[PDB]
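*Asks:* Sending over input-v8.txt (compact mmCIF, C-alpha atoms).
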# COMPACT_ATOMS: atom_id res chain seq x y z
CA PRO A 31 -24.38 9.74 26.32
CA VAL A 32 -23.65 6.28 27.72
CA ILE A 33 -26.39 4.72 25.59
CA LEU A 34 -24.64 5.90 22.42
CA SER A 35 -21.45 4.13 23.51
CA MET A 36 -23.51 1.04 24.37
CA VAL A 37 -25.21 0.88 20.98
CA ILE A 38 -22.05 1.56 18.97
CA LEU A 39 -20.07 -1.06 20.92
CA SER A 40 -22.83 -3.64 20.50
CA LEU A 41 -23.00 -2.91 16.76
CA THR A 42 -19.20 -3.20 16.54
CA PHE A 43 -19.22 -6.63 18.18
CA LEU A 44 -22.21 -7.87 16.18
CA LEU A 45 -20.37 -7.10 12.91
CA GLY A 46 -16.83 -7.66 14.21
CA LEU A 47 -16.62 -11.36 15.01
CA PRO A 48 -18.04 -12.67 11.66
CA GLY A 49 -15.76 -10.53 9.46
CA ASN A 50 -12.62 -11.20 11.48
CA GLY A 51 -13.30 -14.93 11.52
CA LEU A 52 -14.06 -15.08 7.80
CA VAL A 53 -10.93 -13.13 6.83
CA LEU A 54 -8.71 -15.11 9.21
CA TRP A 55 -9.95 -18.50 8.01
CA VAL A 56 -9.84 -17.59 4.32
CA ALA A 57 -6.33 -16.14 4.52
CA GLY A 58 -5.03 -18.93 6.76
CA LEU A 59 -5.95 -22.37 5.34
CA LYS A 60 -6.44 -21.53 1.63
CA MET A 61 -3.12 -20.35 0.15
CA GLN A 62 0.56 -20.71 1.06
CA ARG A 63 2.51 -18.61 3.57
CA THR A 64 4.37 -15.67 2.00
CA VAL A 65 6.24 -12.66 3.35
CA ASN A 66 3.33 -10.37 2.43
CA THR A 67 0.18 -12.17 3.61
CA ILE A 68 1.69 -13.02 7.01
CA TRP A 69 1.64 -9.38 8.13
CA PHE A 70 -2.05 -8.94 7.29
CA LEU A 71 -2.76 -12.26 9.01
CA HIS A 72 -1.04 -11.01 12.16
CA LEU A 73 -2.92 -7.70 11.98
CA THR A 74 -6.30 -9.43 11.67
CA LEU A 75 -5.39 -11.83 14.49
CA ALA A 76 -4.61 -8.87 16.76
CA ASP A 77 -7.88 -7.19 15.77
CA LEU A 78 -9.78 -10.41 16.53
CA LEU A 79 -8.11 -10.64 19.94
CA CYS A 80 -9.19 -7.04 20.55
CA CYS A 81 -12.77 -7.75 19.47
CA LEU A 82 -13.05 -10.78 21.77
CA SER A 83 -12.94 -8.56 24.89
CA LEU A 84 -15.84 -6.21 24.10
CA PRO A 85 -18.57 -7.90 26.24
CA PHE A 86 -16.47 -7.48 29.39
CA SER A 87 -16.24 -3.73 28.75
CA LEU A 88 -19.98 -3.68 28.02
CA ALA A 89 -20.70 -5.36 31.36
CA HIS A 90 -18.33 -2.97 33.14
CA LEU A 91 -20.10 0.04 31.63
CA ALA A 92 -23.57 -1.39 32.35
CA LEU A 93 -22.97 -2.51 35.96
CA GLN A 94 -19.68 -0.99 37.21
CA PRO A 98 -19.32 -7.52 38.34
CA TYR A 99 -16.78 -9.80 40.03
CA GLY A 100 -13.12 -9.51 40.93
CA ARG A 101 -10.55 -6.81 40.21
CA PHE A 102 -10.21 -8.04 36.61
CA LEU A 103 -12.88 -5.62 35.39
CA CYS A 104 -10.51 -2.76 36.26
CA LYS A 105 -7.29 -4.80 35.96
CA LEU A 106 -6.75 -6.39 32.52
CA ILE A 107 -9.63 -5.64 30.12
CA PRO A 108 -8.54 -1.92 30.00
CA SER A 109 -5.07 -3.15 28.92
CA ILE A 110 -6.31 -4.99 25.82
CA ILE A 111 -7.04 -1.68 24.07
CA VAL A 112 -3.48 -0.46 24.69
CA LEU A 113 -2.03 -3.80 23.57
CA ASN A 114 -4.02 -4.02 20.33
CA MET A 115 -3.31 -0.35 19.54
CA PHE A 116 0.45 -0.85 19.95
CA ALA A 117 0.59 -4.12 18.01
CA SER A 118 -1.44 -2.64 15.15
CA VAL A 119 0.74 0.49 15.00
CA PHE A 120 3.98 -1.50 14.92
CA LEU A 121 2.68 -3.96 12.31
CA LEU A 122 1.45 -1.12 10.09
CA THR A 123 4.78 0.70 10.28
CA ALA A 124 6.56 -2.57 9.45
CA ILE A 125 4.31 -3.06 6.41
CA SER A 126 5.05 0.49 5.23
CA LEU A 127 8.79 0.01 5.79
CA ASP A 128 8.77 -3.18 3.72
CA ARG A 129 6.73 -1.55 0.95
CA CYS A 130 9.28 1.25 0.74
CA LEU A 131 12.14 -1.28 0.96
CA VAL A 132 10.96 -3.22 -2.10
CA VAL A 133 11.73 -0.24 -4.36
CA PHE A 134 14.89 0.63 -2.40
CA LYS A 135 18.41 -0.74 -2.87
CA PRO A 136 18.55 -4.50 -3.64
CA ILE A 137 21.24 -5.04 -0.97
CA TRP A 138 18.49 -5.34 1.66
CA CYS A 139 16.02 -6.95 -0.79
CA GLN A 140 17.66 -10.32 -1.55
CA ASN A 141 19.85 -10.65 1.57
CA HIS A 142 17.52 -12.80 3.70
CA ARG A 143 14.01 -11.96 2.44
CA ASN A 144 12.20 -15.17 3.35
CA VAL A 145 9.16 -16.42 5.24
CA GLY A 146 11.42 -17.28 8.18
CA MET A 147 12.59 -13.67 8.52
CA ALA A 148 8.94 -12.59 8.20
CA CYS A 149 7.77 -14.71 11.13
CA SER A 150 10.86 -13.81 13.18
CA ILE A 151 10.16 -10.10 12.72
CA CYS A 152 6.47 -10.68 13.48
CA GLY A 153 7.43 -12.37 16.74
CA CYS A 154 9.80 -9.51 17.53
CA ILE A 155 6.97 -7.03 16.85
CA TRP A 156 4.65 -8.92 19.19
CA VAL A 157 7.30 -9.00 21.93
CA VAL A 158 8.03 -5.28 21.49
CA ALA A 159 4.31 -4.53 21.76
CA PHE A 160 4.22 -6.77 24.85
CA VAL A 161 7.03 -5.06 26.78
CA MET A 162 5.02 -1.82 26.50
CA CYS A 163 1.95 -3.51 28.02
CA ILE A 164 3.33 -3.94 31.56
CA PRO A 165 3.11 -0.23 32.66
CA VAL A 166 -0.65 -0.21 31.94
CA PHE A 167 -1.35 -3.43 33.86
CA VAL A 168 0.76 -2.65 36.93
CA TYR A 169 -0.01 0.45 39.02
CA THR A 340 2.19 11.24 39.13
CA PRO A 341 2.37 8.32 36.68
CA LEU A 342 -0.46 9.78 34.58
CA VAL A 343 1.93 12.61 33.67
CA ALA A 344 4.41 10.23 32.04
CA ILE A 345 2.44 7.22 30.77
CA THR A 346 0.03 9.25 28.62
CA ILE A 347 2.90 11.20 27.05
CA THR A 348 4.83 7.97 26.43
CA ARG A 349 1.88 6.26 24.70
CA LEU A 350 1.16 9.36 22.58
CA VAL A 351 4.80 9.74 21.54
CA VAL A 352 5.57 6.06 20.88
CA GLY A 353 2.25 5.03 19.36
CA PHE A 354 1.17 8.11 17.42
CA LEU A 355 3.94 10.55 16.46
CA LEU A 356 7.02 8.55 15.44
CA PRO A 357 5.30 5.73 13.47
CA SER A 358 2.98 8.19 11.72
CA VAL A 359 6.04 10.20 10.69
CA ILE A 360 7.66 7.00 9.40
CA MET A 361 4.61 6.03 7.33
CA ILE A 362 4.26 9.58 5.99
CA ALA A 363 7.90 9.68 4.87
CA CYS A 364 7.79 6.21 3.32
CA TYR A 365 4.55 6.84 1.44
CA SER A 366 5.67 10.28 0.27
CA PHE A 367 8.82 8.73 -1.20
CA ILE A 368 6.79 5.90 -2.75
CA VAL A 369 4.31 8.27 -4.39
CA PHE A 370 7.14 10.51 -5.62
CA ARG A 371 8.77 7.47 -7.23
CA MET A 372 5.46 6.31 -8.72
CA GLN A 373 4.79 9.81 -10.12
CA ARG A 374 8.22 9.68 -11.85
CA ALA A 375 7.95 6.34 -13.73
CA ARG A 376 4.42 7.35 -14.88
CA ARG A 377 5.75 10.29 -16.98
CA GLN A 378 8.56 8.03 -18.30
CA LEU A 379 5.91 5.54 -19.54
CA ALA A 380 3.76 8.38 -20.93
CA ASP A 381 6.78 9.55 -22.94
CA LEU A 382 7.34 6.04 -24.28
CA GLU A 383 3.66 5.76 -25.24
CA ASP A 384 3.88 9.12 -27.04
CA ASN A 385 6.91 7.89 -29.00
CA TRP A 386 5.02 4.68 -29.78
CA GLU A 387 2.02 6.66 -31.03
CA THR A 388 4.06 8.87 -33.36
CA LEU A 389 5.90 5.79 -34.68
CA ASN A 390 2.60 4.00 -35.35
CA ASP A 391 0.76 6.92 -36.94
CA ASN A 392 3.71 7.85 -39.18
CA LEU A 393 4.04 4.21 -40.24
CA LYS A 394 0.32 4.37 -41.05
CA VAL A 395 0.79 7.60 -43.03
CA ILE A 396 3.67 6.23 -45.10
CA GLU A 397 1.63 3.36 -46.59
CA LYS A 398 -1.01 5.60 -48.18
CA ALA A 399 1.43 8.36 -49.20
CA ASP A 400 2.57 8.61 -52.82
CA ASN A 401 5.66 10.50 -54.07
CA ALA A 402 9.17 10.05 -52.66
CA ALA A 403 9.11 13.27 -50.61
CA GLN A 404 6.38 12.47 -48.09
CA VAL A 405 8.01 9.08 -47.47
CA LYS A 406 11.26 10.80 -46.46
CA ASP A 407 9.38 13.31 -44.31
CA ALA A 408 7.57 10.51 -42.46
CA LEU A 409 10.76 8.45 -42.05
CA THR A 410 12.63 11.42 -40.55
CA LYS A 411 9.94 11.69 -37.86
CA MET A 412 9.97 7.92 -37.28
CA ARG A 413 13.77 7.93 -36.92
CA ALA A 414 13.75 10.77 -34.39
CA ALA A 415 10.96 9.06 -32.42
CA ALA A 416 12.80 5.72 -32.42
CA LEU A 417 16.01 7.34 -31.18
CA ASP A 418 14.09 9.11 -28.40
CA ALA A 419 12.28 5.89 -27.45
CA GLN A 420 15.53 3.93 -27.26
CA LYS A 421 16.92 6.71 -25.07
CA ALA A 422 14.07 6.31 -22.56
CA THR A 423 14.69 3.84 -19.74
CA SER A 434 20.37 -6.47 -17.01
CA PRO A 435 19.62 -8.70 -20.12
CA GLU A 436 16.11 -7.18 -20.26
CA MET A 437 17.44 -3.63 -20.97
CA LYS A 438 20.01 -5.18 -23.39
CA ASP A 439 17.23 -6.87 -25.40
CA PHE A 440 15.10 -3.71 -25.26
CA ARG A 441 17.97 -1.64 -26.67
CA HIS A 442 18.90 -4.27 -29.27
CA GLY A 443 15.36 -4.21 -30.66
CA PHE A 444 15.54 -0.45 -31.17
CA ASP A 445 18.95 -0.78 -32.81
CA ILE A 446 17.38 -3.17 -35.33
CA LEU A 447 14.46 -0.75 -35.76
CA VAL A 448 16.77 2.18 -36.55
CA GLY A 449 18.73 0.05 -39.01
CA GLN A 450 15.52 -0.89 -40.83
CA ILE A 451 14.50 2.79 -40.93
CA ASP A 452 17.90 3.52 -42.51
CA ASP A 453 17.32 0.84 -45.14
CA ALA A 454 13.98 2.43 -46.06
CA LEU A 455 15.55 5.92 -46.01
CA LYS A 456 18.33 4.98 -48.43
CA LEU A 457 15.79 3.25 -50.68
CA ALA A 458 13.61 6.37 -50.78
CA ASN A 459 16.59 8.69 -51.34
CA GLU A 460 17.36 7.02 -54.69
CA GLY A 461 13.81 7.55 -55.99
CA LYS A 462 12.14 4.19 -55.32
CA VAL A 463 8.75 4.33 -53.61
CA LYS A 464 7.38 0.77 -53.60
CA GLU A 465 10.62 -0.69 -52.23
CA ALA A 466 10.57 1.88 -49.42
CA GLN A 467 6.94 0.92 -48.78
CA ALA A 468 7.89 -2.75 -48.39
CA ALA A 469 10.88 -1.86 -46.22
CA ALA A 470 8.61 0.15 -43.93
CA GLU A 471 6.16 -2.77 -43.86
CA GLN A 472 9.01 -4.96 -42.59
CA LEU A 473 9.22 -2.75 -39.47
CA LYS A 474 5.97 -4.14 -38.03
CA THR A 475 7.38 -7.64 -37.53
CA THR A 476 10.37 -6.42 -35.52
CA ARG A 477 8.20 -3.95 -33.59
CA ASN A 478 5.71 -6.61 -32.46
CA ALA A 479 8.40 -9.23 -31.83
CA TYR A 480 10.56 -6.96 -29.66
CA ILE A 481 8.87 -3.98 -27.99
CA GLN A 482 5.28 -5.15 -27.43
CA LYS A 483 6.18 -7.49 -24.57
CA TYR A 484 8.10 -4.74 -22.77
CA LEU A 485 5.12 -2.41 -23.26
CA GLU A 486 2.76 -4.96 -21.71
CA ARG A 487 5.08 -5.58 -18.76
CA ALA A 488 5.49 -1.85 -18.13
CA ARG A 489 1.74 -1.24 -18.22
CA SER A 490 0.99 -4.28 -16.01
CA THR A 491 3.60 -3.60 -13.27
CA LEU A 492 2.62 0.11 -12.93
CA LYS A 493 -1.13 -0.71 -12.61
CA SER A 494 -0.94 -3.37 -9.82
CA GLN A 495 1.57 -1.62 -7.52
CA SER A 496 -0.93 1.26 -7.59
CA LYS A 497 -3.66 -0.90 -5.99
CA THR A 498 -1.25 -2.58 -3.55
CA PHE A 499 -0.19 0.87 -2.32
CA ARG A 500 -3.77 2.19 -2.41
CA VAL A 501 -5.08 -0.38 0.07
CA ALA A 502 -2.21 0.24 2.50
CA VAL A 503 -2.60 4.03 2.41
CA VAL A 504 -6.37 3.83 2.92
CA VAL A 505 -5.94 1.44 5.86
CA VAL A 506 -3.37 3.72 7.51
CA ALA A 507 -5.55 6.81 7.03
CA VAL A 508 -8.63 5.09 8.47
CA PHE A 509 -6.61 3.79 11.42
CA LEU A 510 -5.20 7.22 12.29
CA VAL A 511 -8.52 9.03 11.87
CA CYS A 512 -10.13 6.42 14.14
CA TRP A 513 -7.49 6.64 16.87
CA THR A 514 -6.96 10.43 16.94
CA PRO A 515 -9.98 11.38 19.18
CA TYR A 516 -8.65 9.10 21.95
CA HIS A 517 -5.27 10.85 22.01
CA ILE A 518 -6.90 14.29 21.80
CA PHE A 519 -9.09 13.56 24.83
CA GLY A 520 -6.15 12.07 26.72
CA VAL A 521 -4.12 15.23 26.15
CA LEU A 522 -7.08 17.42 27.14
CA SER A 523 -7.64 15.43 30.35
CA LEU A 524 -3.93 15.63 31.20
CA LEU A 525 -3.80 19.40 30.64
CA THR A 526 -7.12 20.38 32.23
CA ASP A 527 -7.21 20.67 36.01
CA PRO A 528 -9.97 18.70 37.78
CA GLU A 529 -13.02 20.12 39.59
CA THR A 530 -14.23 21.75 36.36
CA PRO A 531 -17.48 21.32 34.39
CA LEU A 532 -15.33 20.96 31.27
CA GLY A 533 -13.88 17.95 33.06
CA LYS A 534 -17.43 16.62 33.42
CA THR A 535 -18.00 17.07 29.69
CA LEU A 536 -14.73 15.29 28.81
CA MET A 537 -15.39 12.30 31.08
CA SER A 538 -18.91 12.16 29.67
CA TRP A 539 -17.56 11.88 26.12
CA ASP A 540 -14.68 9.55 27.08
CA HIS A 541 -17.01 6.58 26.58
CA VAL A 542 -17.75 7.71 23.02
CA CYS A 543 -14.04 8.22 22.32
CA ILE A 544 -13.06 4.74 23.54
CA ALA A 545 -16.06 3.23 21.75
CA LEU A 546 -14.95 4.68 18.41
CA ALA A 547 -11.35 3.62 19.04
CA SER A 548 -12.62 0.07 19.58
CA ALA A 549 -14.97 0.24 16.57
CA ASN A 550 -11.83 0.71 14.47
CA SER A 551 -11.29 -3.05 14.79
CA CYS A 552 -14.65 -3.81 13.17
CA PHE A 553 -14.09 -1.11 10.54
CA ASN A 554 -10.75 -2.45 9.32
CA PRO A 555 -11.79 -5.80 7.67
CA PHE A 556 -14.49 -4.20 5.49
CA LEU A 557 -12.08 -1.95 3.56
CA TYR A 558 -10.35 -5.10 2.29
CA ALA A 559 -13.50 -6.07 0.39
CA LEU A 560 -14.23 -2.43 -0.46
CA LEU A 561 -10.77 -2.00 -2.02
CA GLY A 562 -10.31 -5.58 -3.23
CA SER A 572 -15.27 -15.59 -5.70
CA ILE A 573 -14.04 -15.12 -2.12
CA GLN A 574 -10.42 -15.83 -3.15
CA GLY A 575 -10.54 -12.96 -5.65
CA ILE A 576 -11.92 -10.41 -3.19
CA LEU A 577 -9.73 -11.41 -0.22
CA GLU A 578 -6.52 -13.20 -1.26
CA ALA A 579 -5.82 -10.93 -4.24
CA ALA A 580 -6.26 -7.87 -1.99
CA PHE A 581 -2.90 -8.57 -0.31
CA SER A 582 -0.98 -9.30 -3.53
What would you get if you wrote out this structure as structure tokens?
*Replies:*
Amino acid sequence: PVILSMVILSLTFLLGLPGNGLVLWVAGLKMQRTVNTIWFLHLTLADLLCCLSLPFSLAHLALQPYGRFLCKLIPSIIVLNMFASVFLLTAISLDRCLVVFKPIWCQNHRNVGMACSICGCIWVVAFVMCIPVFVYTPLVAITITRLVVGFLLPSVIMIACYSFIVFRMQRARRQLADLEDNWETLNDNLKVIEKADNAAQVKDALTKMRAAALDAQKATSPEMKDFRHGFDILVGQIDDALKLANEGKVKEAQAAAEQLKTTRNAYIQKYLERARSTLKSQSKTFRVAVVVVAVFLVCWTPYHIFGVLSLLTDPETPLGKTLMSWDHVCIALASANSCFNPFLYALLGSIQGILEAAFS
């Protein structure tokens, strides 16, 4: 099945250089450097460095043609890019979970300088794990070390961080839904009261409005202060209308209830818009990260599976022949991950709108 590996690798290169170059150039010399975009820039740079080495592997597979370098360094680029990508992805997930975490580690030193320092640290940490591959049974230990460091622990970290993030996103949702329900009963009762004659239905509608307003003010920092002050004014106005309707005046209660609309729009509408806006975006920002992580892991799993199988299985076996036959396909797919990654940005994203907005 060597021809299948050949064709898939050639297709990966043919569609890998253009996309990587386009994304790198658009994200690099268009907008300003921020703590968020820098990580994706580093990830795409590592993927581009990985993609640059494909023709050497193609020549090695096709000819099996000068020097030791064919068997010396170009096999190490896969390990290097895998490790750098894993560490950068776990750093992105850690930061995404940190944003919603305690503010003590949010405003301490969160700056572009810290971002590039941590990126350099990540590159160095990925580098110190590259030496064992290049230099030099060892196969017993090095395969286990790569699997444990590159696959298990970071995947656990991303799973925990994203489970906490989705649990926190599932919570606020309901809270908003409750506030929207209270808003809807307030609005429809205020619509009922205008067309309702008699002094009894006015009191019945105002009782419901008062309960809804109290519940809405209960649901939840000058922002909060202003939000609660608006509802205090709302409840006071409801009381004015209630005490007008109690003494058998209908039109005055109608006007008093009409006065509620001004305060409602002036106070609570802006908070409603902010709550709806913030919840919607964070959804997409988390969506892209989760999809990227899932694609990365599903691309890299066959390689680890075949490594474990080769380590466990004794040689001089036809099953060994099958596994070394399919090793080319496994490595080819692992490398095709690099070409796959840039396309999901446009899938889940004017060039600026489809690329730059995808990170923020």
*Asks:* From the list A:73, A:355, A:65, A:88, which residue is nearest residue 144 in chain A when using all atoms listed in the file?
*Replies:*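 For residue 144 in chain A, the nearest of the candidates is A:65.
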*Asks:* Would you work out the distance separating CA of residue 76 in chain A from CA of residue 117 in chain A, expressed in Å to one decimal?
*Replies:* 7.2 Å
*Asks:* Which distance in Å separates CA of residue 493 in chain A and CA of residue 127 in chain A, to one decimal?
*Replies:*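 Distance reported for this atom pair: 20.9 Å.
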*Asks:* Restricting the calculation to all atoms listed in the file, which member of A:469, A:547, A:32, A:522 is positioned closest to residue 114 in chain A?
*Replies:*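 Residue with the minimum atom-to-atom distance to residue 114 in chain A: A:547.
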*Asks:* Mind pulling up the distance from CA of residue 368 in chain A to CA of residue 133 in chain A?
*Replies:*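 We find that CA of residue 133 in chain A and CA of residue 368 in chain A lie 8.0 Å from each other.
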*Asks:* Pick out the closest residue to residue 77 in chain A from this set: A:393, A:110, A:369, A:59. Count all atoms listed in the file.
*Replies:* A:110
*Asks:* If we count all atoms listed in the file and set the cut-off at 12 Å, which residues sit around residue 418 in chain A, ignoring sequence neighbours fewer than 4 positions away in its own chain? Please answer as a ChimeraX atom specification.
*Replies:* /A:378,381-386,388-389,411-414,422-423,441,444-445,448
*Asks:* Calculate, to one decimal in Å, the centre and edge lengths of the box along x, y and z of the file that holds all listed atoms of range 439-455 of chain A with 8 Å of margin on each side, and present them as AutoDock Vina command-line options.
*Replies:*
--center_x 16.5 --center_y -0.5 --center_z -35.7 --size_x 21.0 --size_y 28.8 --size_z 36.8
*Asks:* Looking at A:79, A:470, A:342, A:351, which one is nearest to residue 398 in chain A, with distances taken over all atoms listed in the file?
*Replies:*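 Residue with the minimum atom-to-atom distance to residue 398 in chain A: A:470.
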*Asks:* Counting all atoms listed in the file, which of A:147, A:390, A:478, A:400 gets nearest to residue 415 in chain A?
*Replies:*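 Closest candidate: A:390.
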*Asks:* My list of candidates is A:141, A:366, A:526, A:123. Which is closest to residue 352 in chain A when distances are computed with all atoms listed in the file?
*Replies:*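 For residue 352 in chain A, the nearest of the candidates is A:123.
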*Asks:* Can you pull out every residue within 9 Å of residue 158 in chain A, counting only C-alpha atoms, but drop anything in the same chain fewer than 3 positions away, and send it as a PyMOL selection string?
*Replies:* chain A and resi 116-117+120+153-155+161-162
*Asks:* Any chance you can output those residues with C-alpha atoms as a short mmCIF file (atom, residue, chain, number, x, y, z; two decimals), in the frame of the given file?
*Replies:*
data_model
loop_
_atom_site.label_atom_id
_atom_site.label_comp_id
_atom_site.auth_asym_id
_atom_site.auth_seq_id
_atom_site.Cartn_x
_atom_site.Cartn_y
_atom_site.Cartn_z
CA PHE A 116 0.45 -0.85 19.95
CA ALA A 117 0.59 -4.12 18.01
CA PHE A 120 3.98 -1.50 14.92
CA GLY A 153 7.43 -12.37 16.74
CA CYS A 154 9.80 -9.51 17.53
CA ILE A 155 6.97 -7.03 16.85
CA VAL A 161 7.03 -5.06 26.78
CA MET A 162 5.02 -1.82 26.50
#
*Asks:* Generate the missing atoms of range 38-50 of chain A up to N, CA, C and O atoms and report them as a PDB file, in the frame of the given file.
*Replies:*
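The resulting file, selection_16.pdb, is shown below:
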ATOM      1  N   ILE A  38     -23.122   1.663  19.958  1.00  0.00           N
ATOM      2  CA  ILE A  38     -22.050   1.560  18.970  1.00  0.00           C
ATOM      3  C   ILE A  38     -21.142   0.372  19.282  1.00  0.00           C
ATOM      4  O   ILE A  38     -20.697  -0.330  18.368  1.00  0.00           O
ATOM      5  N   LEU A  39     -20.871   0.105  20.566  1.00  0.00           N
ATOM      6  CA  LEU A  39     -20.070  -1.060  20.920  1.00  0.00           C
ATOM      7  C   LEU A  39     -20.780  -2.360  20.563  1.00  0.00           C
ATOM      8  O   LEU A  39     -20.155  -3.300  20.050  1.00  0.00           O
ATOM      9  N   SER A  40     -22.084  -2.439  20.840  1.00  0.00           N
ATOM     10  CA  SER A  40     -22.830  -3.640  20.500  1.00  0.00           C
ATOM     11  C   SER A  40     -22.849  -3.863  18.991  1.00  0.00           C
ATOM     12  O   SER A  40     -22.696  -4.997  18.519  1.00  0.00           O
ATOM     13  N   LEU A  41     -23.029  -2.790  18.217  1.00  0.00           N
ATOM     14  CA  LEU A  41     -23.000  -2.910  16.760  1.00  0.00           C
ATOM     15  C   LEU A  41     -21.618  -3.337  16.279  1.00  0.00           C
ATOM     16  O   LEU A  41     -21.497  -4.124  15.333  1.00  0.00           O
ATOM     17  N   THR A  42     -20.563  -2.821  16.917  1.00  0.00           N
ATOM     18  CA  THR A  42     -19.200  -3.200  16.540  1.00  0.00           C
ATOM     19  C   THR A  42     -18.963  -4.685  16.772  1.00  0.00           C
ATOM     20  O   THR A  42     -18.400  -5.374  15.913  1.00  0.00           O
ATOM     21  N   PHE A  43     -19.384  -5.198  17.928  1.00  0.00           N
ATOM     22  CA  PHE A  43     -19.220  -6.630  18.180  1.00  0.00           C
ATOM     23  C   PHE A  43     -20.068  -7.462  17.231  1.00  0.00           C
ATOM     24  O   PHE A  43     -19.597  -8.478  16.704  1.00  0.00           O
ATOM     25  N   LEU A  44     -21.316  -7.052  16.994  1.00  0.00           N
ATOM     26  CA  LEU A  44     -22.210  -7.870  16.180  1.00  0.00           C
ATOM     27  C   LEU A  44     -21.697  -8.024  14.754  1.00  0.00           C
ATOM     28  O   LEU A  44     -21.968  -9.041  14.107  1.00  0.00           O
ATOM     29  N   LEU A  45     -20.956  -7.038  14.249  1.00  0.00           N
ATOM     30  CA  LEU A  45     -20.370  -7.100  12.910  1.00  0.00           C
ATOM     31  C   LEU A  45     -18.859  -7.281  12.940  1.00  0.00           C
ATOM     32  O   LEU A  45     -18.217  -7.187  11.890  1.00  0.00           O
ATOM     33  N   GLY A  46     -18.273  -7.535  14.108  1.00  0.00           N
ATOM     34  CA  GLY A  46     -16.830  -7.660  14.210  1.00  0.00           C
ATOM     35  C   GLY A  46     -16.340  -9.091  14.214  1.00  0.00           C
ATOM     36  O   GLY A  46     -15.355  -9.416  13.543  1.00  0.00           O
ATOM     37  N   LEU A  47     -17.011  -9.954  14.973  1.00  0.00           N
ATOM     38  CA  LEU A  47     -16.620 -11.360  15.010  1.00  0.00           C
ATOM     39  C   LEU A  47     -16.749 -12.060  13.665  1.00  0.00           C
ATOM     40  O   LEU A  47     -15.787 -12.736  13.255  1.00  0.00           O
ATOM     41  N   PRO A  48     -17.877 -11.937  12.924  1.00  0.00           N
ATOM     42  CA  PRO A  48     -18.040 -12.670  11.660  1.00  0.00           C
ATOM     43  C   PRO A  48     -16.952 -12.282  10.649  1.00  0.00           C
ATOM     44  O   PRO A  48     -16.343 -13.175  10.088  1.00  0.00           O
ATOM     45  N   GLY A  49     -16.729 -10.979  10.447  1.00  0.00           N
ATOM     46  CA  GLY A  49     -15.760 -10.530   9.460  1.00  0.00           C
ATOM     47  C   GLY A  49     -14.345 -10.951   9.791  1.00  0.00           C
ATOM     48  O   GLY A  49     -13.604 -11.430   8.928  1.00  0.00           O
ATOM     49  N   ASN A  50     -13.953 -10.781  11.056  1.00  0.00           N
ATOM     50  CA  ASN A  50     -12.620 -11.200  11.480  1.00  0.00           C
ATOM     51  C   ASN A  50     -12.431 -12.693  11.280  1.00  0.00           C
ATOM     52  O   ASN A  50     -11.405 -13.133  10.748  1.00  0.00           O
TER      53      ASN A  50
END
